[PDB]
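Worth knowing before you read on, the calculation uses all heavy atoms, side chains too, and leaves out hydrogens, waters and symmetry mates. Lettering of chains follows the sequences in order, A, B, ..., and the numbering in each one begins at 1.
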Amino acid sequence: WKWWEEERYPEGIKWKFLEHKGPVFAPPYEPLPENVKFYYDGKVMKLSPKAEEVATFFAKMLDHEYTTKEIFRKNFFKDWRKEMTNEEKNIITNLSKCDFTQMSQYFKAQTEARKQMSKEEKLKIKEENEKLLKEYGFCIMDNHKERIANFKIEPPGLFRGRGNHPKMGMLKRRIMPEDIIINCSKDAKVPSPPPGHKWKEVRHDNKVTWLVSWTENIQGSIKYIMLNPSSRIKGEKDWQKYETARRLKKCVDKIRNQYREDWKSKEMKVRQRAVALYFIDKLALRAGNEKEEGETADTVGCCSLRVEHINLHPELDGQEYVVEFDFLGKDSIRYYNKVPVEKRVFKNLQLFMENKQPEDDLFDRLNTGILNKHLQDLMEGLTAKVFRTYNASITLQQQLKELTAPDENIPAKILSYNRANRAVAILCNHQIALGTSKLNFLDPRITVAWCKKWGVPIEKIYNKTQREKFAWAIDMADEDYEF
DNA sequence: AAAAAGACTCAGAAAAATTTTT
DNA sequence: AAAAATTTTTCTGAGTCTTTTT
């Protein structure tokens with residue numbers, strides 16, 4: 001169904017009808033075989049069901065060094081006791097006297113056991129799996145069958161944040177139907193909660209896209225279940241995403257001229273803003289929103305850089321006015337880069353950097369909101385993130401341009417393609433991994449044009465899954481598309 | 001005015017399928 | 001074939017940006 005060949009809905013309205021079967025809850029907990037033992041202070045101790053299970057989580061991760069760290073254990077053990085009966089709380093005073101080995105051994109067993117299984121067994125579980133997909137992996141939005149991305153409820157276990165995360169080891173509880181909110185069209189058949197239960201709520205909100213949600217206990221973040229990238233609802237937003245970035249293309253040099261001018265501004269705020277944008281524009285720096293203390297690991301972005309994240313070098317290794325960046329970004333991915341900037345920028349930074357402590361905010365007097373506000377003014381619907389797309393995609397365009405070899409073999413052209421990709425991955429700082437940018441930053445039409453231009457079969461670049469994702473791009477693109 | 005809540009994009013790990021060698 | 005290597009898929013965490021609320 002070439003949904004791209006249809007009329008987009010008004011703004012706000014996401015669909016008119018929607019019907020799903022709700023989430024597949026995590027299966028029940030089967031207790032350990034009586035032969036599988038736990039010991040506390042070297043004394044066999046059979047645990048309460050809830051307690052046992054939790055111990056199993058830990059027991060199941062015992063080999064990761066994860067389990068050696070202080071936050072993890074502290075976080076872990078605390079939560080576990082909560083799940084203990086009173087009397088258990090009385091005996092297990094600490095985690096250090098617990099023996100999860102028999103527990104650890106057991107599962108490892110189960111592991112290899114599975115890793116060696118009969119082929120028939122291998123197929124039985126696939127057919128099983130497949131059956132699941134047919135039953136809960138699709139929904140009906142408006143007039144068609146659409147696949148649901150994540151239909152399996154998040155299973156209880158131990159929280160695993162990125163980097164030096166303060167909530168590492170905390171227990172994720174089991175989500176009950178009483179925690180789930182259902183989103184569907186009023187006229188649609190309501191999925192029936194499991195026997196003996198009730199949904200938290202059933203809503204019919206067509207301004208949103210999700211079919212189910214609930215709140216994740218450890219961060220209080222709302223989780224959702226939405227459709228597949230192949231969705232119209234998904235593919236449309238993405239097509240629009242790239243559309244916007246091309247609009248930026250069309251007024252980038254203008255915006256640029258402005259900020260360069262603002263560097264000169266009287267009001268320092270205007271200056272911080274402008275420098276900040278310089279970076280975003282030039283280095284592809286993220287917004288850098290203000291994170292809630294103690295909730296996540298310490299990672300910063302453009303607007304949230306603390307003065308200690310950059311080191312100013314009037315000169316270094318040949319170049320002058322070099323900015324040395326060194327911080328952890330989203331997912332705690334490290335950002336390190338020595339950058340020769342405009343003398344003006346450099347000068348502003350010294351100024352932004354004076355009279356402060358290492359922990360102070362470089363661009364104090366500035367935030368993402370302030371930033372984006374100005375951006376939208378410059379261009380309707382313009383945000384810091386648009387810059388990243390624009391850059392990636394535009395970088396891909398020229399790179400492939402200058403790199404694409406006419407007197408080249410398909411095998412050869414593919415590499416040209418992949419190098420052009422590295423350049424992007426490089427700027428986006430994906431760690432090197434071309435996946436993210438290929439999948440989320442590059443206007444696929446660019447790749448479709450190229451394949452066509454160079455008589456290279458899409459199949460050679462895009463995998464099955466990706467093709468389904470970029471089908472719009474695939475079906476509606478000239479050899480002559482130009483981002 | 002601002003902060004908390006809400007929703008949707010993008011991120012690498014872990015795992016599972018596939019392929020490629022030995 | 002085994003087992004090692006690579007690619008694909010699943011998972012859900014981590015941001016951006018928005019809207020509600022106070």
Side-chain angles (χ1 to χ4, degrees), chain A residues 12 14 26 61 64 66 111 114 116-117 122 125-126 129 133 137 149-155 157-163 165 167-168 172 175 181 183 203 205 207-211 213-216 218-229 231 233-234 236-238 240-242 244 280 285-292 295-304 328-333 367-373 375-376 381-389 392 425 428-442 462-466 468-469:
Chain A
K14 306 306 186 88
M61 287 178 80
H64 243 293
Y66 221 144
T111 299
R114 282 206 153 207
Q116 72 182 328
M117 68 167 155
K122 266 168 278 195
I125 75 181
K126 202 156 198 176
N129 281 348
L133 179 51
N150 50 339
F151 58 93
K152 289 178 188 182
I153 271 294
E154 267 169 36
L158 302 184
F159 179 84
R160 285 182 128 137
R162 290 295 162 104
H165 198 123
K167 312 216 170 210
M168 64 180 66
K172 304 181 55 170
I175 313 295
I181 288 182
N183 195 42
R203 67 175 70 158
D205 184 6
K207 309 292 180 301
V208 292
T209 71
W210 49 276
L211 339 193
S213 64
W214 62 98
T215 71
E216 182 291 315
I218 294 149
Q219 306 250 240
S221 6
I222 305 171
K223 301 293 190 102
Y224 304 98
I225 294 184
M226 308 173 133
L227 314 173
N228 215 88
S231 278
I233 195 153
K234 283 298 175 246
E236 212 178 39
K237 172 86 185 181
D238 211 43
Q240 178 182 350
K241 179 187 72 186
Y242 291 109
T244 293
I280 284 167
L285 303 190
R286 294 203 165 78
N289 267 273
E290 184 170 292
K291 273 195 184 192
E292 181 185 350
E295 298 305 296
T296 11
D298 199 352
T299 58
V300 297
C302 194
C303 301
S304 53
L328 296 176
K330 177 176 167 179
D331 278 3
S332 297
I333 306 290
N367 65 37
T368 58
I370 297 167
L371 173 79
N372 277 313
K373 178 46 63 191
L375 286 179
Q376 214 272 335
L382 175 65
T383 66
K385 95 177 261 299
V386 186
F387 279 87
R388 295 195 87 218
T389 316
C428 295
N429 189 221
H430 299 126
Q431 302 178 2
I432 315 296
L434 314 190
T436 314
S437 62
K438 179 176 193 166
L439 189 64
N440 315 86
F441 288 83
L442 311 173
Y462 283 155
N463 77 28
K464 354 151 179 182
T465 286
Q466 314 178 72
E468 292 166 20
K469 188 179 169 187

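At least one side-chain heavy atom of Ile233(A) sits less than 4.5 Å from a side-chain heavy atom of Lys14(A).
Using a 4.0 Å heavy-atom criterion, one finds that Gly288(A) contacts the sugar-phosphate atoms exclusively. Across all strands, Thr299(A) comes closer than 4.0 Å only to sugar-phosphate atoms, never to a base (heavy-atom distances). Counting non-hydrogen atoms under 4.0 angstrom, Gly220(A) reaches nothing in the nucleic acid. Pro155(A) comes within 4.0 angstrom of the backbone, heavy atoms only, and of no base. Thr209(A) comes within 4.0 angstrom of the backbone, heavy atoms only, and of no base.
Between the OH atom of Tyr66(A) and the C1' atom of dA14(B) there is a distance of 12 Å, rounded to whole Å. The interatomic distance linking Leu227(A) (CG) with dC8(B) (P) rounds to 11 Å, in whole Å. Taking atom CG on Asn228(A) and atom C1' on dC8(B), their separation rounds to 15 Å, with Å as the unit. At whole-Å resolution of the value, CD in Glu295(A) and P in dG15(C) are 12 Å apart. Protein atom CD of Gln240(A) is 14 Å distant from nucleotide atom P of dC17(C), rounded to whole Å. Atom CD1 in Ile222(A) sits roughly 15 Å away from atom P in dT19(C) (whole-Å rounding). Protein atom CD of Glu290(A) is 9 Å distant from nucleotide atom P of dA3(B), rounded to whole Å. Rounded to whole Å, atom P of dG15(C) lies 13 Å from atom CD of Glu292(A).
A sub-4.0 Å separation between OP1 or OP2 of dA14(B) and a side-chain N or O of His64(A) is present. Distances shorter than 4.0 Å separate some side-chain N or O of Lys223(A) from OP1 or OP2 on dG13(C). Under 4.0 angstrom from either OP1 or OP2 of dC8(B) there lies at least one side-chain N or O belonging to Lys14(A). Proximity of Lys172(A) to the phosphate of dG13(C): a side-chain N or O atom is located under 4.0 Å from OP1 or OP2. Contact between the side-chain N/O atoms of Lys234(A) and the OP1/OP2 oxygens of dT9(B) is found at a separation under 4.0 Å.
When each of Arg160(A) and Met226(A) is assigned the nucleotide of DNA chain B bearing its nearest heavy atom, the one mapping closer to the 5' terminus is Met226(A). Nearer the 5' end of DNA chain C, as judged by each residue's closest nucleotide, is the contact made by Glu154(A), out of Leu328(A) and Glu154(A).
For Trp214(A), there are no ring-ring contact (aromatic ring centres under 6.0 Å, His included) partners two or more places apart in sequence or in a different chain. With sequence neighbours excluded, no residue satisfies ring-ring contact (aromatic ring centres under 6.0 Å, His included) with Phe387(A). For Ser437(A), the side-chain hydrogen bond (donor to acceptor under 3.5 Å, both in side chains) partners at least two apart in sequence or on another chain are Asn421(A). Legend: residues meeting side-chain hydrogen bond (donor to acceptor under 3.5 Å, both in side chains) with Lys172(A), ordered by chain and number and at least two apart, are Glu154(A). Checked against ring-ring contact (aromatic ring centres under 6.0 Å, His included), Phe159(A) has the following partners two or more places apart in sequence or in another chain: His165(A). Listed by chain and number, the residues in a side-chain hydrogen bond (donor to acceptor under 3.5 Å, both in side chains) with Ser213(A) amount to none (sequence neighbours excluded). For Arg162(A), the salt bridge (charged side-chain N to carboxylate O under 4.0 Å, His left out) test picks out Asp331(A), with sequence neighbours left out.
Here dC17(C) is the nucleotide among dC8(B), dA7(B), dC17(C) with the atom lying nearest to any side-chain atom of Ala287(A).
Each of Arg286(A), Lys330(A), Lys291(A) was evaluated against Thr299(A); a single residue qualifies, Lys291(A), per the side chain to side chain donor-acceptor pair (under 3.5 Å) test.
With no hydrogens or angles considered, no side-chain donor-acceptor pair links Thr389(A) and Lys241(A) at under 3.5 Å. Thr368(A) and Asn289(A) are linked by a side-chain donor-acceptor pair at a separation below 3.5 angstrom, with hydrogens and angles left out of the test.
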Mind listing the N/O atom pairs, protein and nucleotides 7-10 of chain C, below 3.5 Å?
from: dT9(C); atom 1: OP1; to: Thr465(A); atom 2: OG1; distance (Å): 2.7
from: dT9(C); atom 1: OP2; to: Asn463(A); atom 2: ND2; distance (Å): 3.4
from: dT9(C); atom 1: OP2; to: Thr465(A); atom 2: OG1; distance (Å): 3.1

Can you pull every protein N or O that's under 3.5 Å from an N or O on nucleotides 10-12 of chain B?
from: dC10(B); atom 1: OP1; to: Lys385(A); atom 2: NZ; distance (Å): 3.0
from: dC10(B); atom 1: OP2; to: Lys241(A); atom 2: NZ; distance (Å): 2.8
from: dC10(B); atom 1: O2; to: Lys330(A); atom 2: NZ; distance (Å): 2.9
from: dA11(B); atom 1: OP1; to: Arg286(A); atom 2: NH2; distance (Å): 2.6
from: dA11(B); atom 1: OP1; to: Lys330(A); atom 2: NZ; distance (Å): 3.2
from: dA11(B); atom 1: OP2; to: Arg286(A); atom 2: NH2; distance (Å): 3.3
from: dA11(B); atom 1: OP2; to: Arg388(A); atom 2: NH1; distance (Å): 3.3
from: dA11(B); atom 1: OP2; to: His430(A); atom 2: NE2; distance (Å): 2.6
from: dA11(B); atom 1: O5'; to: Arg286(A); atom 2: NH2; distance (Å): 3.0
from: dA11(B); atom 1: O4'; to: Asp331(A); atom 2: OD2; distance (Å): 2.9
from: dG12(B); atom 1: OP1; to: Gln431(A); atom 2: N; distance (Å): 2.9
from: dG12(B); atom 1: OP2; to: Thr436(A); atom 2: OG1; distance (Å): 2.7
from: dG12(B); atom 1: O4'; to: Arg162(A); atom 2: NH1; distance (Å): 2.9
from: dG12(B); atom 1: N3; to: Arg162(A); atom 2: NH2; distance (Å): 3.0

